[PDB]
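Numbering (the entry's author numbering), first residue to last: 1 to 913, 918 to 937, 941 to 1024, 1031 to 1048.
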Amino acid sequence: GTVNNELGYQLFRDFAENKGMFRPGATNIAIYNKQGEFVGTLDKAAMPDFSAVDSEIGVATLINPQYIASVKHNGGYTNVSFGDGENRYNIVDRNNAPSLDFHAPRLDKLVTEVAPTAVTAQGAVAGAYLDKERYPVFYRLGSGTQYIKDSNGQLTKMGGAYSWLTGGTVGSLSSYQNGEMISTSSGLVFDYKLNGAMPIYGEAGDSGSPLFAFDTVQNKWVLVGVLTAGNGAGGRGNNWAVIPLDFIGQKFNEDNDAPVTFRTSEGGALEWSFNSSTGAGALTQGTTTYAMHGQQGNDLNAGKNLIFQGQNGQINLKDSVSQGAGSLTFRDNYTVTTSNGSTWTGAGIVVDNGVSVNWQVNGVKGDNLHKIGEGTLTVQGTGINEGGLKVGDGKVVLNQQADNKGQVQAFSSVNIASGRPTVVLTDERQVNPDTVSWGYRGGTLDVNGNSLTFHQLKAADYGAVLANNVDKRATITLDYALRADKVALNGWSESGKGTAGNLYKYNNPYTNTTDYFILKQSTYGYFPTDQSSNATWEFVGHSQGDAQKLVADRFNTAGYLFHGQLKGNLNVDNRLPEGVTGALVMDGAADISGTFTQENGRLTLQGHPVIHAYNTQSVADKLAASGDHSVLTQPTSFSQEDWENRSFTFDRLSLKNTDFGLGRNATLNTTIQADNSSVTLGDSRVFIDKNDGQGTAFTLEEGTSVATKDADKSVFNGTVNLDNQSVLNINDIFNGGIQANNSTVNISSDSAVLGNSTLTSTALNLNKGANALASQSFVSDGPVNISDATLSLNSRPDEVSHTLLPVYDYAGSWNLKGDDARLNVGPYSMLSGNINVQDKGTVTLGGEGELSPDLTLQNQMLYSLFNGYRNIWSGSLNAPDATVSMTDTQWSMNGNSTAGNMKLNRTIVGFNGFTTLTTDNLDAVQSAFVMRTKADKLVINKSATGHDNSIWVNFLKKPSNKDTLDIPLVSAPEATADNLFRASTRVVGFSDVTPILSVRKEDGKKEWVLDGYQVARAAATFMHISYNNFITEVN
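Spelled out as structure tokens, the structure:
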């Protein structure tokens, strides 16, 4: 087809493939020039689903599960595919209209992957499609000869017919030939007001291609016709044959035998006989007999359809039936059996809505049963069925049972497609799990309480569901790794053809050795004869065991991909062999009630990049040569901006010796139990599938993609348990408690909230730019390293809460580095551990906030232990260039301490464990120092401001009169106000005495020296000075 060259060519590719922003349901899609300029919007209807259109060349459209519509002068094609193309349906009768260029071929089998499209409700009605009230919009798509066309009308050919699909808009259409045909000037590909926002013109190869319209009467999309002709390359317009309603009706009818009715009152069964050499069969209940026609010789078309009604139907097959292209439809409940071993094959079975059929007849090796219809098919044959199943709708219950030899198998394979159906396993013997596959849009395998092992999960896309919908827990065992002792030993062939990577065993007659070679190429000559290597043969030793291990190890670096979903009442096990380095990659979703267990190897959970249409490199080159660089070469990439968000929920994620990653556009809700594993939340290492959208085959590629926009960042909710050398890296939106032993946690996130947390031999590291709130208790026995980052305890400094709880905050040390490092300790925190600050960082204790009104009794007892203070801290301080600020605090200073800038307010400082505090600048208001007695000492050397601070003295030895106390308790710049400090008025120790101070301006420094005492008329230790005793002594 031909499109103008103002529009990015990728637009038409995504349109036609319902990909990118042209997914079904997409509404008001505004479309823009290559010059960034608005051209029109796709706004009359939401985007239709083109799934009924043949997948590959778009010449045929499904209009009944067994019928396509096209053009009769399409005499060539015999096969059609749907969805992702991973299927095949053969024409069995071209159903040529006699005087219209139209046909409606009958297929060999019922289509499972897609639903048919509605066709136009009015047929060949003259002028109907000119009415823009009924039909405000027309769309098409096809794979005809592909040009772009400039104004000036110059065509560049970009590709021949049948190579890729293009779609777009076409304007309203007038009728001729008695309404039987329709046309419009679609060739005017620049005229947006006439042909809509993405005009497209049918070229050679676009014959048969569908024309769709939004019918506003039915409020749905409808197929109006199929393309018959145009006015040559770059011509003015196209014609379409309108769908002949009467003809189509005829074609469906002519294939149905007269309906069969079971008579309940009679009992018995409809006894089904069939002459395979004649194709004539009969169904007889009592005195009545119904004709049946099946295949004759290799002629599938001679087979006709049966429709069954009548409650409690019974059918019994007396001969094996080959129905050819005949289908079976059940309008009522039925049971189908044989007493004979007779089998059945045909187009398929349709089980109507509300209907249940119990099907006890086997099929045939090399044939697949197709099952559609919203109703239920229970499969309940005897012994081994060698035929397969394809299911595209309703429910299939697999209840095959053993023969007298103990042999059983429902199907040699099961494909689940369209997104409509569910297959239910009654037990573990129905089907080999590796023979189940999910095709286009998938559907549900419900394992129904049965634990299963898969060596592969052949799942095309996100619609692939593996589920357990019953309250008996089942375990999915995943076992995709290659083991050494399963490595085939291949034999050299004169064919000289093999698979790269395969291992060969050579019994070498020249050196009388056994040589093991890995094939490096798809063709080969003679093995080397001297244990050398070359471009075709890699020599890998004389040890079978070592050679196989190498092959297994290399294989297992690749990893595994699952695009689908895990649902319901499941555990999932992925216990890899030691030495697997590759990742299980999940870009689908999980919601399971049990545990996901990984061991060794890698596991990555991530979002999924939106799938786009693509083309070969040559055609991308062809379009770029014309200056258009929009054409993709790959369905998905790391750098694209449109990702689908994926959610992963498990009761528990058990990790052991594994490298776990949560990537962008994913949420993980679970409790993690990591043992010797790294866990990275916000893992920039993610994966694409180079064959995404093309069927079950995948090719995994690792790359980098970092979420920068907030809507793209991964989220984690729950608990992480770390043990035995684990590492946790928090780089995303984290909400969870951490229970850790012998591990490490690193945080680079600016949005981490940690709940209740206990750390044992585990370092906590906040790195540059990190910002975290410990919202509950935090108890570590190791370091907390804050490095150009912020940690708030209980509350963030700029937010006031009235629902606070008293918490514990314990670390061995709290260590800040960098001028941007902040430690904020909110009110109602019992702090413990030393604080070290390197550079001009800041530490604040206290803040605005109030305790919740609803405290438990145990929360009330912990409130009491605050002794009226808002914060209590035990620790030494080392912060010579740091500003440290405290309010309403009791600081137990357990050794010598330093600060650059210190600000106190209504805090009391107790000297603890002959200790010393020294600061350059101290601003102290209504604060107190409890010094002991040589004595404890406070030294300020630069500035000392504030007011109303008291000095308590714990006289450790109780003193006597007349004789000698001359001990400086405080030392400060000479110009410090005398009244900055004053003796306390109350006793601390066991002395019953009270300090007396002189302010001696003893050279260089002003000092405050204890030169005596005073007598008494309670308060054993600094720690026993309540806030009330303390604040009132201030006065």
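Yeah, the Cβ is synthetic: ideal placement off N, Cα and C, and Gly gets one too.
Residue pairing by DSSP places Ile974 opposite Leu1017 in a beta bridge.
DSSP places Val170 in the strand class (E or B) of the three-state scheme. DSSP places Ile1044 inside the alpha helix (DSSP H), whose first and last residues are 1040 to 1047.
Excluding its 5 nearest sequence neighbours in each direction, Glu428 has C-beta neighbours in its own chain below 6 Å: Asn450, listed in chain order. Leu921 is not a Cβ neighbour of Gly953, given a cutoff of 9 Å. Residue state for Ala711 is assigned as helix, using DSSP reduced to three classes.
By the Cβ criterion, the segment 602 to 618 is in contact with the segment 580 to 594, since at least three pairs of Cβ atoms, one from each stretch, lie closer than 8 Å. Per the C-alpha coordinates, the member of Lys965, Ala464, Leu445 positioned closest to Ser998 is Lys965.
If the five residues before and after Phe1043 are omitted, its C-beta is found closer than 7 Å to the C-beta atoms of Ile908, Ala932, all from its own chain and listed in chain order. Look at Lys304 here: in three-state DSSP terms it is coil, with no helix or strand label.
Across the structure, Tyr506 and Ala60 are spaced so that their CA atoms are roughly 53 Å apart. Take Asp246, set aside five residues on each side of it, and the residues of its chain with a beta-carbon closer than 8 Å to its own are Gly123, in chain order. The straight-line gap separating the alpha-carbon atoms of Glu702 and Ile672 is approximately 24 Å. Taking 3 residues as the shortest admissible run, the segment 527 to 615 contains the following complete beta strand (DSSP E) segments, listed from N- to C-terminal end: 537 to 539, 560 to 562, 565 to 568, 570 to 575, 583 to 586, 589 to 592, 595 to 599, 602 to 605. Short of 8 Å from the beta carbon of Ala558, and not among the five residues preceding or following it, lie these beta carbons of its own chain, in chain order: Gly582, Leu700.
Classified as buried, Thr696 has 16 or more neighbouring CB atoms from the shown chains inside 10 Å of its CB.
With a cut-off of 8 Å on Cβ pairs, the segment 472 to 481 is not in contact with the segment 492 to 509, counting fewer than three such pairs.
With a beta-carbon spacing of about 18 Å, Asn238 and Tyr192 fall beyond the 8 Å limit used to define contacts. Relative to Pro24, the option among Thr41, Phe12, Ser51 whose CA is nearest is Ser51. Just so you know, the alpha carbons of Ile1003 and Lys768 end up roughly 49 Å apart.
Taking the CA atoms as reference points, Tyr162 sits about 15 Å from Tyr614.
Counting every other CB atom within 10 Å of its CB across the protein chains shown gives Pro105 a total of 16 or more, marking it as buried. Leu728 sits close to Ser678, with the two beta carbons spaced by under 9 Å. Note on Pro806: 16 or more other CB atoms within 10 angstroms of its CB, so buried under the neighbour-count rule. Here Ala128 carries a helix assignment [DSSP, helix/strand/coil].
Apart from sequence neighbours up to five positions away, the residues of its chain that approach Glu56 with a beta-carbon distance below 6 Å are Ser81, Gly85, ordered along the chain.
Annotated as proximal: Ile958 and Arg989, with beta-carbon spacing under 9 Å. The C-alpha of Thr514 lies about 20 Å from the C-alpha of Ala552.
Counted as a single uninterrupted DSSP element, the stretch harbouring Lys505 is not any alpha helix (DSSP H) but the beta strand (DSSP E) occupying residues 503 to 508.
Straight-line measurement puts the Cα of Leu482 at about 20 Å from the Cα of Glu538. In this structure, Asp108 keeps its C-beta atom at 9 Å or more from the C-beta atom of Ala417. Inclusion of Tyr139 and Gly160 in the CB contact set at 9 Å is not warranted, their separation being larger than that value.
A residue is called buried when at least 16 other Cβ atoms come within 10 angstroms of its Cβ; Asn5 meets this threshold and is buried.
With three or more CB-CB distances shorter than 8 Å, the segment 357 to 372 counts as touching the segment 391 to 399. In the three-state DSSP reduction, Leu7 falls in the coil class, being neither helix nor strand. Below 8 Å, enough C-beta pairs join the segment 133 to 152 and the segment 5 to 21 to call them touching: three or more.
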